[PDB]
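Q: mmCIF, N, CA and C atoms, saved as run.cif, coming up:
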```cif
data_run
#
loop_
_atom_site.group_PDB
_atom_site.id
_atom_site.type_symbol
_atom_site.label_atom_id
_atom_site.label_comp_id
_atom_site.auth_asym_id
_atom_site.auth_seq_id
_atom_site.Cartn_x
_atom_site.Cartn_y
_atom_site.Cartn_z
ATOM 1 N N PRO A 2 -67.211 32.777 69.453
ATOM 2 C CA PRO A 2 -67.030 33.795 70.486
ATOM 3 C C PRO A 2 -66.203 34.931 69.920
ATOM 4 N N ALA A 3 -65.370 35.531 70.763
ATOM 5 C CA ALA A 3 -64.494 36.618 70.354
ATOM 6 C C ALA A 3 -63.553 36.187 69.241
ATOM 7 N N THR A 4 -63.104 37.157 68.458
ATOM 8 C CA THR A 4 -62.129 36.894 67.419
ATOM 9 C C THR A 4 -60.825 37.495 67.896
ATOM 10 N N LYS A 5 -59.728 37.111 67.259
ATOM 11 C CA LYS A 5 -58.423 37.553 67.705
ATOM 12 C C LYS A 5 -57.416 37.301 66.587
ATOM 13 N N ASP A 6 -56.439 38.165 66.462
ATOM 14 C CA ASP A 6 -55.394 37.962 65.494
ATOM 15 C C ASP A 6 -54.427 36.869 65.940
ATOM 16 N N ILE A 7 -54.079 35.944 65.069
ATOM 17 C CA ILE A 7 -53.178 34.853 65.450
ATOM 18 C C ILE A 7 -51.754 35.390 65.556
ATOM 19 N N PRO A 8 -51.087 35.176 66.705
ATOM 20 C CA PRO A 8 -49.712 35.671 66.827
ATOM 21 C C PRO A 8 -48.755 34.928 65.913
ATOM 22 N N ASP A 9 -47.677 35.607 65.552
ATOM 23 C CA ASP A 9 -46.574 34.984 64.856
ATOM 24 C C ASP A 9 -45.760 34.222 65.891
ATOM 25 N N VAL A 10 -45.566 32.928 65.664
ATOM 26 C CA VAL A 10 -44.797 32.107 66.576
ATOM 27 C C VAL A 10 -43.681 31.365 65.846
ATOM 28 N N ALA A 11 -43.345 31.818 64.640
ATOM 29 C CA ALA A 11 -42.239 31.224 63.895
ATOM 30 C C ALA A 11 -40.975 31.227 64.751
ATOM 31 N N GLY A 12 -40.272 30.095 64.780
ATOM 32 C CA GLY A 12 -39.005 29.972 65.481
ATOM 33 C C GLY A 12 -39.137 29.512 66.926
ATOM 34 N N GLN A 13 -40.338 29.633 67.479
ATOM 35 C CA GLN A 13 -40.585 29.205 68.849
ATOM 36 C C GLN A 13 -40.735 27.697 68.948
ATOM 37 N N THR A 14 -40.360 27.135 70.095
ATOM 38 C CA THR A 14 -40.616 25.727 70.351
ATOM 39 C C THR A 14 -42.114 25.569 70.522
ATOM 40 N N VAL A 15 -42.600 24.337 70.398
ATOM 41 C CA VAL A 15 -44.030 24.077 70.490
ATOM 42 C C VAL A 15 -44.572 24.460 71.862
ATOM 43 N N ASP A 16 -43.775 24.201 72.894
ATOM 44 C CA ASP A 16 -44.125 24.565 74.255
ATOM 45 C C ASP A 16 -44.370 26.075 74.337
ATOM 46 N N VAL A 17 -43.359 26.843 73.928
ATOM 47 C CA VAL A 17 -43.426 28.306 73.968
ATOM 48 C C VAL A 17 -44.512 28.862 73.049
ATOM 49 N N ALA A 18 -44.596 28.327 71.839
ATOM 50 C CA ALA A 18 -45.601 28.782 70.894
ATOM 51 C C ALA A 18 -47.011 28.661 71.493
ATOM 52 N N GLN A 19 -47.293 27.536 72.146
ATOM 53 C CA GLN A 19 -48.623 27.319 72.714
ATOM 54 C C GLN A 19 -48.932 28.275 73.863
ATOM 55 N N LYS A 20 -47.937 28.524 74.709
ATOM 56 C CA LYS A 20 -48.120 29.476 75.794
ATOM 57 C C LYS A 20 -48.418 30.861 75.247
ATOM 58 N N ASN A 21 -47.762 31.256 74.160
ATOM 59 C CA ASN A 21 -48.057 32.571 73.596
ATOM 60 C C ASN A 21 -49.405 32.592 72.872
ATOM 61 N N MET A 22 -49.791 31.455 72.303
ATOM 62 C CA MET A 22 -51.120 31.298 71.718
ATOM 63 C C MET A 22 -52.193 31.425 72.785
ATOM 64 N N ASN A 23 -51.938 30.824 73.949
ATOM 65 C CA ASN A 23 -52.871 30.872 75.070
ATOM 66 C C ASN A 23 -53.170 32.295 75.529
ATOM 67 N N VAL A 24 -52.176 33.168 75.414
ATOM 68 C CA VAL A 24 -52.284 34.549 75.882
ATOM 69 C C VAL A 24 -53.349 35.291 75.088
ATOM 70 N N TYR A 25 -53.505 34.889 73.834
ATOM 71 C CA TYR A 25 -54.510 35.443 72.940
ATOM 72 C C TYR A 25 -55.845 34.712 73.061
ATOM 73 N N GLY A 26 -55.881 33.650 73.860
ATOM 74 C CA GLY A 26 -57.105 32.891 74.052
ATOM 75 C C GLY A 26 -57.204 31.585 73.275
ATOM 76 N N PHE A 27 -56.260 31.331 72.377
ATOM 77 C CA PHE A 27 -56.252 30.080 71.622
ATOM 78 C C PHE A 27 -55.772 28.904 72.475
ATOM 79 N N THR A 28 -56.542 27.821 72.481
ATOM 80 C CA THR A 28 -56.180 26.655 73.272
ATOM 81 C C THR A 28 -56.228 25.354 72.482
ATOM 82 N N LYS A 29 -56.794 25.399 71.277
ATOM 83 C CA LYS A 29 -56.978 24.199 70.463
ATOM 84 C C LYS A 29 -55.981 24.141 69.313
ATOM 85 N N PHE A 30 -55.119 23.124 69.318
ATOM 86 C CA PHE A 30 -54.049 23.020 68.325
ATOM 87 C C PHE A 30 -53.969 21.641 67.686
ATOM 88 N N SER A 31 -53.684 21.621 66.390
ATOM 89 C CA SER A 31 -53.265 20.397 65.718
ATOM 90 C C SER A 31 -51.797 20.574 65.371
ATOM 91 N N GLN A 32 -51.100 19.487 65.053
ATOM 92 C CA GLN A 32 -49.673 19.579 64.758
ATOM 93 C C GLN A 32 -49.274 18.655 63.613
ATOM 94 N N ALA A 33 -48.352 19.139 62.788
ATOM 95 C CA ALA A 33 -47.809 18.366 61.687
ATOM 96 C C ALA A 33 -46.325 18.666 61.569
ATOM 97 N N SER A 34 -45.540 17.636 61.276
ATOM 98 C CA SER A 34 -44.106 17.792 61.054
ATOM 99 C C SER A 34 -43.821 18.124 59.601
ATOM 100 N N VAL A 35 -42.903 19.062 59.384
ATOM 101 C CA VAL A 35 -42.502 19.474 58.047
ATOM 102 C C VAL A 35 -40.985 19.567 57.987
ATOM 103 N N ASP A 36 -40.408 19.203 56.852
ATOM 104 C CA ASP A 36 -38.986 19.440 56.647
ATOM 105 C C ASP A 36 -38.783 20.938 56.594
ATOM 106 N N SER A 37 -37.661 21.402 57.125
ATOM 107 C CA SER A 37 -37.392 22.834 57.221
ATOM 108 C C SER A 37 -35.942 23.050 57.609
ATOM 109 N N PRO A 38 -35.381 24.213 57.246
ATOM 110 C CA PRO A 38 -34.057 24.651 57.701
ATOM 111 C C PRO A 38 -34.022 24.918 59.204
ATOM 112 N N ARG A 39 -35.179 25.127 59.822
ATOM 113 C CA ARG A 39 -35.217 25.419 61.253
ATOM 114 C C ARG A 39 -34.875 24.174 62.070
ATOM 115 N N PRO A 40 -34.166 24.359 63.193
ATOM 116 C CA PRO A 40 -33.906 23.244 64.102
ATOM 117 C C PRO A 40 -35.193 22.469 64.382
ATOM 118 N N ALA A 41 -35.089 21.144 64.435
ATOM 119 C CA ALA A 41 -36.228 20.298 64.772
ATOM 120 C C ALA A 41 -36.863 20.771 66.064
ATOM 121 N N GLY A 42 -38.186 20.844 66.079
ATOM 122 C CA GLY A 42 -38.923 21.224 67.267
ATOM 123 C C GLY A 42 -39.461 22.639 67.169
ATOM 124 N N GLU A 43 -38.882 23.438 66.276
ATOM 125 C CA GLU A 43 -39.322 24.822 66.140
ATOM 126 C C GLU A 43 -40.521 24.933 65.209
ATOM 127 N N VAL A 44 -41.486 25.763 65.582
ATOM 128 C CA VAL A 44 -42.619 26.040 64.703
ATOM 129 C C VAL A 44 -42.176 26.848 63.470
ATOM 130 N N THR A 45 -42.551 26.390 62.276
ATOM 131 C CA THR A 45 -42.166 27.085 61.043
ATOM 132 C C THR A 45 -43.236 28.101 60.664
ATOM 133 N N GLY A 46 -44.455 27.826 61.120
ATOM 134 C CA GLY A 46 -45.602 28.681 60.883
ATOM 135 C C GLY A 46 -46.875 27.946 61.267
ATOM 136 N N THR A 47 -48.015 28.595 61.046
ATOM 137 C CA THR A 47 -49.298 28.022 61.434
ATOM 138 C C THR A 47 -50.331 28.104 60.330
ATOM 139 N N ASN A 48 -51.364 27.286 60.466
ATOM 140 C CA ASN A 48 -52.520 27.353 59.596
ATOM 141 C C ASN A 48 -53.774 27.384 60.457
ATOM 142 N N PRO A 49 -54.524 28.510 60.438
ATOM 143 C CA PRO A 49 -54.330 29.735 59.649
ATOM 144 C C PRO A 49 -53.025 30.452 59.988
ATOM 145 N N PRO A 50 -52.489 31.210 59.035
ATOM 146 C CA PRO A 50 -51.191 31.848 59.263
ATOM 147 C C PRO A 50 -51.262 33.052 60.196
ATOM 148 N N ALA A 51 -50.106 33.423 60.732
ATOM 149 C CA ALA A 51 -49.979 34.574 61.609
ATOM 150 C C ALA A 51 -50.631 35.816 60.998
ATOM 151 N N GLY A 52 -51.318 36.589 61.831
ATOM 152 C CA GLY A 52 -51.960 37.805 61.371
ATOM 153 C C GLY A 52 -53.398 37.609 60.916
ATOM 154 N N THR A 53 -53.837 36.358 60.787
ATOM 155 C CA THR A 53 -55.223 36.096 60.424
ATOM 156 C C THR A 53 -56.092 36.352 61.649
ATOM 157 N N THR A 54 -57.227 37.022 61.464
ATOM 158 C CA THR A 54 -58.219 37.173 62.535
ATOM 159 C C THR A 54 -59.240 36.034 62.498
ATOM 160 N N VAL A 55 -59.305 35.259 63.579
ATOM 161 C CA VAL A 55 -60.193 34.111 63.636
ATOM 162 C C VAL A 55 -60.884 34.057 64.990
ATOM 163 N N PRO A 56 -61.986 33.303 65.083
ATOM 164 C CA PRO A 56 -62.582 33.148 66.413
ATOM 165 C C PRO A 56 -61.626 32.359 67.308
ATOM 166 N N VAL A 57 -61.576 32.697 68.594
ATOM 167 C CA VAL A 57 -60.646 32.045 69.511
ATOM 168 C C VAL A 57 -60.978 30.571 69.771
ATOM 169 N N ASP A 58 -62.126 30.098 69.301
ATOM 170 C CA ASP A 58 -62.414 28.669 69.388
ATOM 171 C C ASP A 58 -61.895 27.897 68.164
ATOM 172 N N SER A 59 -61.156 28.585 67.296
ATOM 173 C CA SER A 59 -60.629 27.984 66.071
ATOM 174 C C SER A 59 -59.525 27.004 66.409
ATOM 175 N N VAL A 60 -59.442 25.903 65.673
ATOM 176 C CA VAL A 60 -58.288 25.023 65.801
ATOM 177 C C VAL A 60 -57.135 25.593 64.981
ATOM 178 N N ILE A 61 -55.972 25.726 65.608
ATOM 179 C CA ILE A 61 -54.807 26.284 64.929
ATOM 180 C C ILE A 61 -53.783 25.180 64.701
ATOM 181 N N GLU A 62 -53.410 24.944 63.445
ATOM 182 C CA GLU A 62 -52.372 23.955 63.172
ATOM 183 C C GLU A 62 -50.985 24.542 63.314
ATOM 184 N N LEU A 63 -50.153 23.875 64.106
ATOM 185 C CA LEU A 63 -48.763 24.261 64.255
ATOM 186 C C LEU A 63 -47.939 23.375 63.348
ATOM 187 N N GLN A 64 -47.259 23.983 62.379
ATOM 188 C CA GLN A 64 -46.344 23.254 61.507
ATOM 189 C C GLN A 64 -44.969 23.256 62.155
ATOM 190 N N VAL A 65 -44.438 22.066 62.422
ATOM 191 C CA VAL A 65 -43.284 21.917 63.299
ATOM 192 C C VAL A 65 -42.073 21.324 62.573
ATOM 193 N N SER A 66 -40.976 22.061 62.544
ATOM 194 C CA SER A 66 -39.777 21.555 61.876
ATOM 195 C C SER A 66 -39.317 20.193 62.413
ATOM 196 N N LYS A 67 -38.949 19.295 61.508
ATOM 197 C CA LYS A 67 -38.193 18.113 61.888
ATOM 198 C C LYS A 67 -36.819 18.198 61.244
ATOM 199 N N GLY A 68 -36.391 19.419 60.937
ATOM 200 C CA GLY A 68 -35.079 19.639 60.360
ATOM 201 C C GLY A 68 -35.011 19.378 58.868
#
```
Using structure tokens, write down the structure from this file.
A:
Amino acid sequence: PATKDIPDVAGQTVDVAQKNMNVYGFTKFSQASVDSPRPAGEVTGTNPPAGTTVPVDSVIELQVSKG
């Protein structure tokens, strides 16, 4: 369907990140925990990464800090 640029959601909680993803039409997410300096629970980034233009039916992986 339509394509859309993936928002930057670095630093957001998974709850918040998904709501902002939804605003762009993205609803399908996978998740993986990664070690990071960010507080546990915060998104460190996504795959595809922020700024990528993809179809809104794309699955977006949220990489999530576990500290």
Q: Go through A:63, A:41, A:47, A:5 one by one, measure the shortest atom-to-atom distance of each to residue 26 (chain A) using all atoms listed in the file, and give the residue with the smallest value.
A: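 Under the stated criterion, the closest residue is A:5.
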Q: Which of chain A end up as strand (DSSP E) when DSSP is run on this backbone - answer as a list in words?
A: residues 4, 5, 6, 30, 31, 32, 33, 34, 35, 44, 45, 46, 47, 48, 54, 55, 56, 61, 62, 63, 64, 65 and 66 of chain A
Q: Mind giving me the axis-aligned box for region 46-63 of chain A with 3 Å on every side, centre plus edges in Å to one decimal, as lines of an AutoDock Vina configuration file?
A:
```
center_x = -53.5
center_y = 30.6
center_z = 64.4
size_x = 24.1
size_y = 20.4
size_z = 16.7
```
Q: Can you tell me, as a list in words, which residues in chain A count as helix (DSSP H, G or I) by DSSP?
A: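 Output for chain A, helix (DSSP H, G or I) only: residues 15, 16, 17, 18, 19, 20, 21, 22, 23 and 24 of chain A.
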Q: Residues at most 6 Å from residue 4 (chain A), counting only C-alpha atoms, excluding those fewer than 5 positions away in the same chain, as a PyMOL selection string?
A: chain A and resi 55-57
Q: Once the PyMOL selection byres (((chain A and resi 10 and name CA) around 9) and name CA) is applied to the coordinates I shared, what remains selected? I want it as JSON, numbers by chain.
A: {"A": [7, 8, 9, 11, 12, 13, 14, 15, 17, 18, 19, 21, 22, 44, 45, 46, 47, 51]}
